[PDB]
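Working notes for the structure below.
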Amino acid sequence: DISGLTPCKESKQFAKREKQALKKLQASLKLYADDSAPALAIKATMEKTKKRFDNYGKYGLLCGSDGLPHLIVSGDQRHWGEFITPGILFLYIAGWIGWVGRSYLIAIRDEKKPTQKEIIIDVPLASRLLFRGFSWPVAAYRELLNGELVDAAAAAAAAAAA
Amino acid sequence: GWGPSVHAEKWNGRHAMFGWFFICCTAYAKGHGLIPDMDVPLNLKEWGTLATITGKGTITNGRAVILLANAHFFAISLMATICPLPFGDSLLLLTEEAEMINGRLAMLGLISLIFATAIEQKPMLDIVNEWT
Amino acid sequence: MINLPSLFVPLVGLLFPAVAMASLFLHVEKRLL
Amino acid sequence: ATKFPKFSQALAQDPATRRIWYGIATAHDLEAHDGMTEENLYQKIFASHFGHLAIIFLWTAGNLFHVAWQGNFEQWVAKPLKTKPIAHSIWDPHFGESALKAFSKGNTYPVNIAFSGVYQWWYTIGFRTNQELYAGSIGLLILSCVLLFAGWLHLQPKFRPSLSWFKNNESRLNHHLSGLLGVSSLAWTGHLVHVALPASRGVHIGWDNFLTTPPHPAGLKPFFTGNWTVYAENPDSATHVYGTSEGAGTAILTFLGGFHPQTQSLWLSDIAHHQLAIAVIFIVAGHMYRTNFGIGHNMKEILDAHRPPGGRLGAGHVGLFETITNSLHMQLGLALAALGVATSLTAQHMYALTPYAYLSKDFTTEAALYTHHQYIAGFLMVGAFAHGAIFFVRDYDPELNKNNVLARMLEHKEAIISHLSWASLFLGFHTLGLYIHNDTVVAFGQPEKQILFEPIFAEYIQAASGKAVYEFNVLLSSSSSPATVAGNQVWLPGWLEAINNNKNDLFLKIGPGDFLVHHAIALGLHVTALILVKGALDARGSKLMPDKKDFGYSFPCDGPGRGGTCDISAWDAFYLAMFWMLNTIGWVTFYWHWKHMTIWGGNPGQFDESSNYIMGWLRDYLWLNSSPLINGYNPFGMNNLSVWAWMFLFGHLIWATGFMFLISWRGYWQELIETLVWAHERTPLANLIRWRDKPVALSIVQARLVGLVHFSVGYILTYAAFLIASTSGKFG
Amino acid sequence: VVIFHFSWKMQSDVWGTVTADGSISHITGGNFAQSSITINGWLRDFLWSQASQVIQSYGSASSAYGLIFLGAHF
Amino acid sequence: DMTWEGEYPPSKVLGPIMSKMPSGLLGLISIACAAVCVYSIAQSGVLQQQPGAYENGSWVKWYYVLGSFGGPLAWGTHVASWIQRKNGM
Amino acid sequence: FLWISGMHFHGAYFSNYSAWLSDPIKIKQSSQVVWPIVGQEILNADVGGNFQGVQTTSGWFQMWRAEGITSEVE
Amino acid sequence: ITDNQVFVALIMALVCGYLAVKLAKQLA
Amino acid sequence: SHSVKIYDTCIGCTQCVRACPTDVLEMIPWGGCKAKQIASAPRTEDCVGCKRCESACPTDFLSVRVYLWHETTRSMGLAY
Ligand code: CLA
Ligand code: CLA
Ligand code: CLA
Ligand SMILES: CCCCCCCCCCCCCCCC(=O)OC[C@H](COP(=O)(O)OC[C@@H](O)CO)OC(=O)CCCCCCCCCCCCCCC
Ligand SMILES: CC(=O)O[C@H]1CC(C)(C)C(=C=C/C(C)=C/C=C/C(C)=C/C=C/C=C(C)/C=C/C=C(\C)C(=O)C[C@@]23O[C@]2(C)C[C@@H](O)CC3(C)C)[C@](C)(O)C1
Ligand code: KC1
Ligand SMILES: CC1=C(C#C/C(C)=C/C=C/C(C)=C/C=C/C=C(C)/C=C/C=C(C)/C=C/[C@@]23O[C@]2(C)C[C@@H](O)CC3(C)C)C(C)(C)C[C@H](O)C1
Ligand SMILES: CC1=C(/C=C/C(C)=C/C=C/C(C)=C/C=C/C=C(C)/C=C/C=C(C)/C=C/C2=C(C)CCCC2(C)C)C(C)(C)CCC1
Ligand SMILES: CCCCCCCCCCCCO[C@@H]1O[C@H](CO)[C@@H](O[C@H]2O[C@H](CO)[C@@H](O)[C@H](O)[C@H]2O)[C@H](O)[C@H]1O
Ligand code: SF4
């Protein structure tokens with residue numbers, strides 16, 4: 001496949017990693033009696049470990065000669081779950097914070113003491129604003145084609161140079 | 001002085017004339033003379049890496065005796081610059097002209113020695129031997 | 001010759017810098033120049 | 001002035017020791033000397049160029065002389081695979097007996113092994129004996145005497161050339177392209193055809209028979225008849241003992257591609273043709289400007305006409321002609337930027353497409369050469385932006401470039417800086433975060449949880465050039481493509497053979513470890529640029545100091561007022577950037593070295609797995625490869641590599657003394673010296689002696705420069721110590 | 001330098017195990033009189049040799065010491 | 001003198017020979033140049049493909065190389081023609 | 001006091017004090033246990049006495065023996 | 001490999017050193 | 001010596017003169033501002049260059065300005 005990689009369910013070296021990770025925890029398990037808390041903890045760890053290899057095998061990830069999963073970010077839609085889909089997710093949450101935080105500064109600006117409300121949050125007002133950023137791509141778009149997103153060039157102070 | 005002055009002509013003439021006596025003395029002494037253990041090195045175990053040519057190859061006793069004999073005449077002169085007599089000749093400020101014509105001639109031979117060695121593949125004592 | 005490095009290296013390593021450090025000292029501390 | 005600095009009346013009247021320190025450090029800043037005119041300035045620089053040119057040829061003549069006199073060039077030419085090449089001999093009265101035996105292993109005397117690669121270079125250009133090497137050194141000593149006479153000759157009053165001669169761009173450029181670059185390239189092709197090729201084929205051509213021995217059987221009949229195909233006929237066979245006539249061709253201008261099967265280097269007849277094709281391009285390009293013959297271009301008329309009618313670039317390039325000719329710092333900054341790109345380009349192409357016979361065999365030299373040109377590339381690049389800042393301070397004329405392409409850069413300087421800052425923050429957060437995620441995941445015993453992005457883009461480029469290992473079938477690696485069908489006949493088969501051979505450097509196998517380091521290298525380039533571009537654009541002024549241009553390029557600060565102003569000058573930006581150059585070249589040199597040590601060691605997988613997390617670098621590269629270096633000397637004994645071990649510690653010390661000048665500031669030190677001046681004046685028998693220059697503590701800007709030189713010299717000497725002896729102590 | 005002096009002197013000349021007939025085997029085997037008189041000896045036998053634990057602690061229970069090692073270099 | 005304002009540059013930028021010339025001739029010349037470049041390239045490709053004509057760089061011909069050099073000439077001429085048309089010529 | 005009260009609390013509920021008191025030459029000391037959430041359980045070392053935890057080096061155990069502790073109740 | 005060749009090479013370096021001391025005199 | 005220049009934006013509030021630790025500045029009669037007084041730098045040779053005067057000036061940008069100059073024994077601040 002891409003870059004001469006093989007899928008992880010068919011990699012001979014990915015399977016060896018699964019065995020040696022389980023063998024290491026089994027040889028630690030043998031020094032304890034079967035009902036005790038260290039034996040139940042290591043038994044639960046080998047279940048977590050065994051479920052970690054099974055998950056990847058059917059995942060659809062690509063392995064190398066090293067036996068480790070690789071990620072593809074060319075833009076292929078077949079490997080979307082690797083970068084695109086968690087990427088769109090992060091953009092939604094990061095742009096949500098920046099939008100909401102900016103709404104707050106603009107709101108408390110027209111006031112006697114704007115600086116007072118940055119060290120001591122008006123929580124009822126802040127709480128209201130935080131959840132209005134769920135539709136930010138629409139709200140950031142309405143202000144771009146209004147004139148309320150970016151200011152004019154005669155409103156920004158500039159260094160003597162330019 | 002410090003250049004082509006009259007003084008520097010007088011001092012270097014006095015070194016040439018003294019130098020001819022040093023070259024002719026060896027010429028008599030390396031050329032069938034009493035130099036002992038002339039061509040055998042010093043000891044690395046005794047003198048060290050100061051005495052070596054390359055690796056541990058040490059200078060011979062011939063080269064050491066001649067170099068140390070030059071340091072005998074050097075050090076006593078070095079006194080005469082640093083603590084000169086109130087009546088002596090000063091640096092860095094049968095009685096006459098006789099120095100100025102011998103000491104010219106004595107400076108003329110040494111350069112004509114070095115011509116007569118770079119041509120004939122002959123060390124400087126063989127040409128003094130040919131001149132006797 | 002094969003005898004040259006035992007002549008130049010004290011001259012270049014000890015003698016030349018002692019003359020050069022002496023010369024610069026006299027020049028740097030000379031008032032009208 | 002009548003004091004030691006005779007060029008600064010204001011530095012010569014200083015009673016403190018600072019006067020001595022400054023007269024040294026401002027001696028070359030020619031524009032700032034007392035009573036300097038413009039015509040005298042250009043003349044002093046010109047004669048300074050001759051003396052600089054002579055030092056280079058005296059330096060070269062040295063290297064030729066020491067190998068001819070003390071090397072093993074003749075023994076190396078006979079067996080270039082087994083003998084180690086000889087830099088020069090050692091004579092040090094401080095050596096024990098075991099030192100003389102340790103540095104003379106395999107020879108007769110104490111000696112340094114060369115890692116410059118002059119041997120491989122001289123071998124492929126024709127040299128075969130010590131007599132030829134010695135003759136070449138005499139010719140460069142004579143050339144240096146001529147350059148030292150010319151420098152003096154052009155200071156004479158009848159030979160001092162006028163101000164308008166120095167500003168004739170159209171002539172100078174014409175002569176430099178066609179004559180300095182074209183005819184030199186042409187002459188170099190003549191040397192390859194007459195001396196170089198014949199010597200690779202077992203034929204000796206020297207100064208005594210080059211006029212009666214033609215370099216090709218045809219003998220210039222094919223050249224004047226247009227039959228240029230005869231010079232490509234009958235090239236070297238596949239099994240040709242190099243340096244002998246066994247399997248020798250007759251061709252002088254080929255286009256084979258790839259490498260010679262025996263030396264693993266480029267074909268000499270490919271290089272000859274390359275130098276010739278290049279010679280024709282530079283000779284033709286040198287006929288573009290008008291120089292008292294009517295035909296040609298006027299540079300000023302070109303620049304004034306280039307303003308796109310869309311109006312996006314403002315007034316375009318009007319005024320740039322005056323600003324470049326009337327300022328040497330802009331010229332110097334453009335020249336340093338192109339040389340820094342060029343010497344960086346030579347570091348990448350030399351390790352991949354080895355041009356000299358037997359290169360990439362002597363593992364140490366390859367490691368010495370690549371890191372030598374990358375560190376020099378860093379100084380040149382940093383010096384380009386440093387002189388770009390100096391231009392804005394004392395050379396930029398705002399009224400001359402109204403609405404110019406240069407003026408508009410200052411008009412949105414906040415945009416460039418703020419955006420360069422974003423890219424840097426982005427690369428830093430993610431590249432550092434990914435490395436740390438891989439570290440904790442492996443530390444916990446779950447290395448199957450690592451985030452290893454595959455470098456698809458670089459692999460695609462490799463596949464397009466012919467690499468058939470990523471199974472991409474794109475371009476040159478797909479047989480039914482017009483790019484590869486046109487390429488098969490002329491040079492494709494030699495290139496494909498060389499590009500698919502594993503034991504090479506042509507497009508190394510890259511993995512997800514090669515992907516993380518590249519983003520670190522990216523981060524290094526962006527932050528370094530951020531500091532240099534911010535320093536150039538804010539050189540004339542900022543919000544915190546709107547009249548910065550009034551104080552010049554370098555000054556301490558603006559005091560502790562309005563908050564405090566340490567490191568506000570444009571010179572300070574350069575000083576801060578130095579740390580980044582050293583750091584981003586260090587990330588490049590560690591990466592290039594570690595990747596090769598594992599290919600040579602025979603286990604390329606070691607770097608492919610450990611390069612994902614940081615501990616891998618710290619343990620499998622630094623801790624694992626320092627063994628033979630620090631065992632150079634110990635209680636049991638010492639080895640040949642003792643000097644590198646001593647130099648290794650040496651570097652650590654100078655680097656650490658650099659911290660003293662960078663952390664502890666001046667008014668601590670000034671108060672201390674005042675007690676020392678007191679003590680000396682009160683002690684009997686030491687009172688007879690007295691200083692003529694009042695001892696004072698180094699100044700604010702002087703402490704930064706010194707602390708910087710220690711951090712720098714310590715930084716470079718300790719890596720040189722590591723990279724040379726870890727490779728030569730393992731040889732693979 | 002105090003804690004470096006204490007950590008190395010105790011490991012070279014006190015700390016260790018024994019067997020029959022009082023055969024003392026020290027931790028670093030008595031390398032203190034001939035390896036700490038030079039900087040290279042301090043750099044190679046104390047810092048380089050005794051680093052092997054913290055740099056090879058991955059996958060073990062003392063792997064937090066390997067992470068805090070890098071974290072504090074950062 | 002070279003600097004210009006407005007939608008199109010003055011005729012003088014083209015050069016002494018070009019400014020005198022009419023837009024139509026320039027456009028026709030540019031088209032001819034383009035035709036020559038493409039044909040030459042195609043012929044060279046055919047020669048490269050052909051057996052017995054590509055050995056030892058025999059495929060390269062002087063005229064085809066001239067046409068290849070001529071592609072840039074075709075672009076410049078078309079730009080010049082546009083400028084001439086703009087200056088009512 | 002809050003700091004001291006914590007330590008004694010950890011020695012009574014997250015330690016191997018009893019197993020250490022019976023054989024203080026083979027059982028290693030430990031008064032800290034980590035939660036298993038992101039693969040970090042590996043920090044619970046195999047210390048001894050049917051117990052897994054982080055090895056602590058404060059000497060709480062030795063100080064308790066010298067006081068004559070012997071029981072977690074105390 | 002010849003001793004006389006070495007002697008010739010440092011006479012030219014002595015002439016070169018003289019032109020350098022003379023070139024600097026003039027730059028000052 | 002150092003150079004101390006005084007611009008016309010000086011409002012004459014005497015704060016630079018009260019901050020100078022080596023008596024370089026003084027107040028003189030002037031008819032261009034409310035206080036009818038401007039700062040002046042008659043003894044710049046005692047100027048040590050510590051810039052305390054600029055830390056005291058209330059105008060934006062500063063009315064008083066210190067520029068680095070050739071150093072004597074007085075501006076180096078030496079007691080020996
Ligand atoms: C390689 C370098 C070198 C050499 C070989 C010399 C050689 C000489 N220099 Mg000299 N010089 C040199 C470099 C050198 N220079 C340099 C670089 C400088 C610095 C610029 C000087 C500065 C300098 C000065 C200023 C002077 C010399 C003088 C001399 C001469 C001293 C010879 C002498 O007194 O005995 C030969 C002359 C005699 C009168 C012999 C007297 C015999 C005495 C009594 C000893 C005999 C006793 C006998 C052995 C028995 C021992 C008795 C015991 C057992 C009790 C000689 C020409 C001095 C000179 O020319 O005046 C003599 C002098 O004044 N030099
Ligand atoms: C044909 C005539 C000719 C020639 C050969 C030269 C030669 C030279 N002139 Mg010169 N000059 C000429 C005519 C000529 N000049 C005329 C007519 C004028 C007056 C109008 C001048 C005015 C002049 C001045 C004012 C100065 C010089 C200087 C120099 C020297 C440059 C330094 C040097 O050695 O670089 C040698 C460089 C090379 C051999 C080339 C190096 C390779 C470079 C980096 C090219 C890169 C290769 C390639 C293109 C890279 C592209 C790859 C890409 C992917 C990046 C050089 C000796 C300077 C000097 O030093 O004065 C003594 C100087 O200051 N000249
Ligand atoms: C062809 C290249 C070139 C040229 C012509 C110049 C020319 C100039 N530069 Mg410049 N520069 C260059 C490259 C160049 N530079 C590069 C590559 C950088 C990046 C490092 C810089 C960075 C730079 C700065 C930051 C400044 C200049 C300045 C200057 C001007 C005065 C220089 C001066 O007084 O030096 C005086 C000479 C010295 C102080 C000698 C310094 C020696 C250094 C410290 C190294 C010595 C350490 C030693 C090697 C250690 C030995 C180690 C051993 C023990 C093992 C002058 C016009 C200065 C200026 O005032 O311009 C207006 C200025 O501020 N340049
Ligand atoms: C990118 C960073 C590179 C390093 C910086 C170096 C400077 C490079 C910048 C110079 C070029 C600037 C071009 C933009 C600014 C710009 O071009 O505006 C100006 C430019 C030409 O306008 P002029 O000012 O020349 O006006 C001419 C007209 O007035 C006609 O008389 O517009 C163009 O059409 C350029 C050519 C095609 C432009 C578009 C076609 C290209 C297609 C690209 C695909 C787009 C992606 C689509 C995805 C769906
Ligand atoms: C009488 C009259 O009115 O006529 C009318 C006719 C008509 C048709 C109606 C009109 C029109 C419109 C016209 C004429 C439009 C013309 C448009 C035109 C002609 C546009 C060319 C672009 C050329 C390019 C981009 C060249 C690139 C060349 C490139 C990118 C190269 O690098 C070439 C080269 O790399 C090769 C390939 C390889 C090497 O071997 C050589 C080198 C390296 C150099 C006019 C104007 O109205 C006039
Ligand atoms: C080795 C020791 C040596 C001594 C000790 C010595 C001493 C004197 N030489 Mg002399 N010398 C040589 C060596 C020595 N010379 C040699 C090798 C040559 C041939 C090249 C020679 C050349 C000439 C000439 C041409 C003249 C001359 C003189 C005197 C003179 C007293 C002058 C006076 O005060 O009257 C004295 C004391 C001049 C002269 O005799 O004037 C009447 C005079 O013209 N020499
Ligand atoms: C003027 C003129 C012309 C001329 C001319 C001429 C003839 C110029 C000649 C110049 C000449 C002939 C310059 C020699 C110097 C020799 C010196 C300084 C000797 C030093 C020797 C000394 C100081 C002694 C050294 C030693 O003592 C040491 C230190 C230890 C001993 O072990 C070894 C010796 C004894 C050796 C032209 C060319 C015709 C042009 C025009 O027409 C007229
Ligand atoms: C500040 C300043 C300055 C400086 C600047 C600088 C220093 C810069 C740099 C810059 C740089 C340093 C740049 C670089 C660039 C580069 C480039 C731009 C490249 C290009 C490339 C391309 C375009 C392409 C390529 C290719 C080809 C050709 C083919 C094959 C493939 C490819 C595609 C790759 C100055 C002096 C002006 C002055 C003012 C100020
Ligand atoms: C700052 C000072 C630095 C400059 C130092 C330079 C030293 C100059 C040395 C020049 C040598 C002159 O001295 C003379 O040289 C010639 C040159 O063959 C030697 O002649 C030599 O001939 C052959 C070499 O072909 C040798 O095998 C033989 O042993 C020797 O006699 C003389 O024996 C020597 O006395
Ligand atoms: S310069 Fe400043 S401190 Fe001095 S009088 Fe003017 S406003 Fe006041």
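Every chain in the structure tokens has a letter given in the order shown (A, B, ...), and although residue numbers restart at 1 in each chain, ligands are simply numbered from 1 in the order shown.
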Applying 7 Å and only C-alpha atoms, which residues near residue 6 of chain I remain after dropping the ones on its own chain fewer than 4 positions away? List them as a PyMOL selection string. chain I and resi 39-40+63-65
With C-alpha atoms kept, could you save the residues just selected as a PDB file, in the first residue's frame?
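Printed below is out-v5.pdb as written:
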ATOM      1  CA  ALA I  39      14.619  73.087  30.983  1.00  0.00           C
ATOM      2  CA  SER I  40      18.170  73.756  29.874  1.00  0.00           C
ATOM      3  CA  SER I  63      11.054  66.596  26.243  1.00  0.00           C
ATOM      4  CA  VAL I  64      14.493  65.888  27.692  1.00  0.00           C
ATOM      5  CA  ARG I  65      16.778  63.481  25.842  1.00  0.00           C
TER       6      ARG I  65
END
Contacts of residue 126 of chain B at 12 Å (only C-alpha atoms; same-chain gap of 3+ positions) as a ChimeraX atom specification: /B:23-24,26-28,30-31,113-114,116-117,120-123,129-132
Based on the selection just made, write N, CA, C and O atoms of those residues as a JSON list (two decimals), in the first residue's frame.
[["chain", "number", "residue", "atom", "x", "y", "z"],
["B", 23, "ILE", "N", 83.34, 29.90, 12.49],
["B", 23, "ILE", "CA", 83.19, 28.90, 11.43],
["B", 23, "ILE", "C", 84.53, 28.23, 11.15],
["B", 23, "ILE", "O", 84.60, 27.00, 10.99],
["B", 24, "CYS", "N", 85.62, 29.01, 11.12],
["B", 24, "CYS", "CA", 86.93, 28.43, 10.86],
["B", 24, "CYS", "C", 87.43, 27.58, 12.02],
["B", 24, "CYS", "O", 88.26, 26.69, 11.82],
["B", 26, "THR", "N", 85.51, 25.55, 13.90],
["B", 26, "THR", "CA", 84.80, 24.28, 13.75],
["B", 26, "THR", "C", 85.41, 23.58, 12.55],
["B", 26, "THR", "O", 85.77, 22.41, 12.63],
["B", 27, "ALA", "N", 85.52, 24.30, 11.44],
["B", 27, "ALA", "CA", 86.14, 23.74, 10.23],
["B", 27, "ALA", "C", 87.44, 23.03, 10.56],
["B", 27, "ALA", "O", 87.73, 21.96, 10.01],
["B", 28, "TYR", "N", 88.21, 23.59, 11.48],
["B", 28, "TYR", "CA", 89.38, 22.90, 12.01],
["B", 28, "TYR", "C", 88.99, 21.74, 12.92],
["B", 28, "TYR", "O", 89.72, 20.75, 13.00],
["B", 30, "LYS", "N", 85.57, 20.06, 13.33],
["B", 30, "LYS", "CA", 84.79, 18.98, 12.73],
["B", 30, "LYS", "C", 85.61, 18.28, 11.66],
["B", 30, "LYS", "O", 85.48, 17.07, 11.46],
["B", 31, "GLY", "N", 86.46, 19.03, 10.97],
["B", 31, "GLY", "CA", 87.40, 18.50, 10.01],
["B", 31, "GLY", "C", 88.69, 18.02, 10.65],
["B", 31, "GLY", "O", 89.68, 18.76, 10.65],
["B", 113, "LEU", "N", 79.36, 32.62, 0.69],
["B", 113, "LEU", "CA", 79.38, 31.23, 1.13],
["B", 113, "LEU", "C", 78.10, 30.52, 0.72],
["B", 113, "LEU", "O", 78.13, 29.41, 0.19],
["B", 114, "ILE", "N", 76.95, 31.17, 0.96],
["B", 114, "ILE", "CA", 75.65, 30.54, 0.77],
["B", 114, "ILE", "C", 75.30, 30.41, -0.72],
["B", 114, "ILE", "O", 74.50, 29.54, -1.08],
["B", 116, "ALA", "N", 77.78, 29.44, -2.89],
["B", 116, "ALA", "CA", 78.63, 28.29, -3.13],
["B", 116, "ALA", "C", 78.21, 27.04, -2.36],
["B", 116, "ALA", "O", 78.95, 26.05, -2.37],
["B", 117, "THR", "N", 77.08, 27.02, -1.66],
["B", 117, "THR", "CA", 76.53, 25.80, -1.10],
["B", 117, "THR", "C", 75.25, 25.36, -1.77],
["B", 117, "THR", "O", 75.02, 24.16, -1.92],
["B", 120, "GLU", "N", 76.49, 23.64, -5.46],
["B", 120, "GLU", "CA", 77.36, 22.50, -5.66],
["B", 120, "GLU", "C", 77.04, 21.30, -4.78],
["B", 120, "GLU", "O", 77.80, 20.32, -4.81],
["B", 121, "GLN", "N", 75.97, 21.41, -4.00],
["B", 121, "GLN", "CA", 75.57, 20.36, -3.08],
["B", 121, "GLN", "C", 76.73, 20.13, -2.12],
["B", 121, "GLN", "O", 77.14, 18.99, -1.89],
["B", 122, "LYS", "N", 77.25, 21.21, -1.55],
["B", 122, "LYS", "CA", 78.38, 21.11, -0.65],
["B", 122, "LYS", "C", 78.09, 21.86, 0.64],
["B", 122, "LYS", "O", 77.65, 23.02, 0.58],
["B", 123, "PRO", "N", 78.28, 21.25, 1.80],
["B", 123, "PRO", "CA", 78.08, 21.96, 3.06],
["B", 123, "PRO", "C", 79.17, 23.00, 3.27],
["B", 123, "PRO", "O", 80.27, 22.90, 2.72],
["B", 129, "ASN", "N", 87.14, 24.65, 3.40],
["B", 129, "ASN", "CA", 88.27, 23.75, 3.16],
["B", 129, "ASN", "C", 88.93, 24.04, 1.82],
["B", 129, "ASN", "O", 90.16, 24.06, 1.72],
["B", 130, "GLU", "N", 88.14, 24.30, 0.78],
["B", 130, "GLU", "CA", 88.71, 24.62, -0.53],
["B", 130, "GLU", "C", 89.39, 25.98, -0.53],
["B", 130, "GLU", "O", 90.32, 26.21, -1.31],
["B", 131, "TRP", "N", 88.96, 26.89, 0.34],
["B", 131, "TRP", "CA", 89.59, 28.20, 0.43],
["B", 131, "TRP", "C", 90.77, 28.22, 1.39],
["B", 131, "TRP", "O", 91.59, 29.14, 1.31],
["B", 132, "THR", "N", 90.89, 27.20, 2.25],
["B", 132, "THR", "CA", 91.93, 27.05, 3.28],
["B", 132, "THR", "C", 92.12, 28.29, 4.16],
["B", 132, "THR", "O", 91.30, 28.57, 5.04]]
All residues having an atom within 7 Å of ligand 3 (only C-alpha atoms and all ligand atoms) as a short mmCIF file (atom, residue, chain, number, x, y, z; two decimals) with C-alpha atoms, in the first residue's frame:
data_model
loop_
_atom_site.label_atom_id
_atom_site.label_comp_id
_atom_site.auth_asym_id
_atom_site.auth_seq_id
_atom_site.Cartn_x
_atom_site.Cartn_y
_atom_site.Cartn_z
CA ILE D 24 40.09 46.90 18.09
CA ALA D 25 36.39 46.28 17.64
CA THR D 26 35.57 49.28 15.44
CA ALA D 27 38.64 49.13 13.19
CA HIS D 28 36.78 47.77 10.18
CA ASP D 29 33.67 49.95 10.50
CA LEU D 30 35.07 52.23 7.81
CA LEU D 332 26.53 43.21 1.29
CA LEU D 336 25.59 37.23 2.05
CA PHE D 379 26.81 32.45 9.94
CA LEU D 380 26.33 33.80 6.42
CA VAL D 382 22.62 35.54 10.07
CA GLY D 383 25.07 38.06 8.65
CA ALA D 384 22.73 38.84 5.77
CA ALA D 386 22.34 41.68 10.32
CA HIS D 387 23.47 43.89 7.45
CA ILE D 390 22.20 48.21 9.37
CA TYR D 553 22.54 50.29 15.16
CA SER D 554 24.21 49.30 18.42
CA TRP D 571 22.15 44.85 17.24
CA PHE D 574 21.34 39.84 15.99
CA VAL D 709 31.94 34.46 21.45
CA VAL D 713 33.48 28.90 20.18
#
May I ask you to write as a PyMOL selection string all residues lying at most 7 Å from ligand 2, with only C-alpha atoms and all ligand atoms counted? chain D and resi 46-47+49-50+53+165-166+168-169+171-172+175-176+178-181+339+341-342
Which residues of chain H have any atom within 9 Å of an atom in chain C when counting only C-alpha atoms, and what is the closest pair of atoms for each, with the distance in Å to one decimal? Order the rows by chain and rising number and write it as a tab-separated table.
residue	atom	partner	partner_atom	distance
H:2	CA	C:1	CA	8.9
H:3	CA	C:1	CA	5.9
H:4	CA	C:1	CA	8.9
H:6	CA	C:1	CA	7.2
H:7	CA	C:1	CA	8.4
Contacts to ligand 10 at 10 Å cut-off (only C-alpha atoms and all ligand atoms) as a PyMOL selection string: chain I and resi 5-19+25-28+35+37-40+52-65
If we count only C-alpha atoms, what is near segment 6-22 of chain G at a cut-off of 9 Å, once residues fewer than 2 positions away on the same chain are taken out, given as JSON, numbers by chain? {"G": [1, 2, 3, 4, 24, 25, 26, 27, 28, 29, 30, 31, 32, 33, 47, 48, 49, 50, 51, 52, 53, 60, 61, 65, 70, 71, 72, 73, 74]}
Can I get the residues close to ligand 5 as an MDAnalysis selection string, where close means within 8 Å and we count only C-alpha atoms and all ligand atoms? chainID F and resid 23:34 37 41 65:79 81:82 85
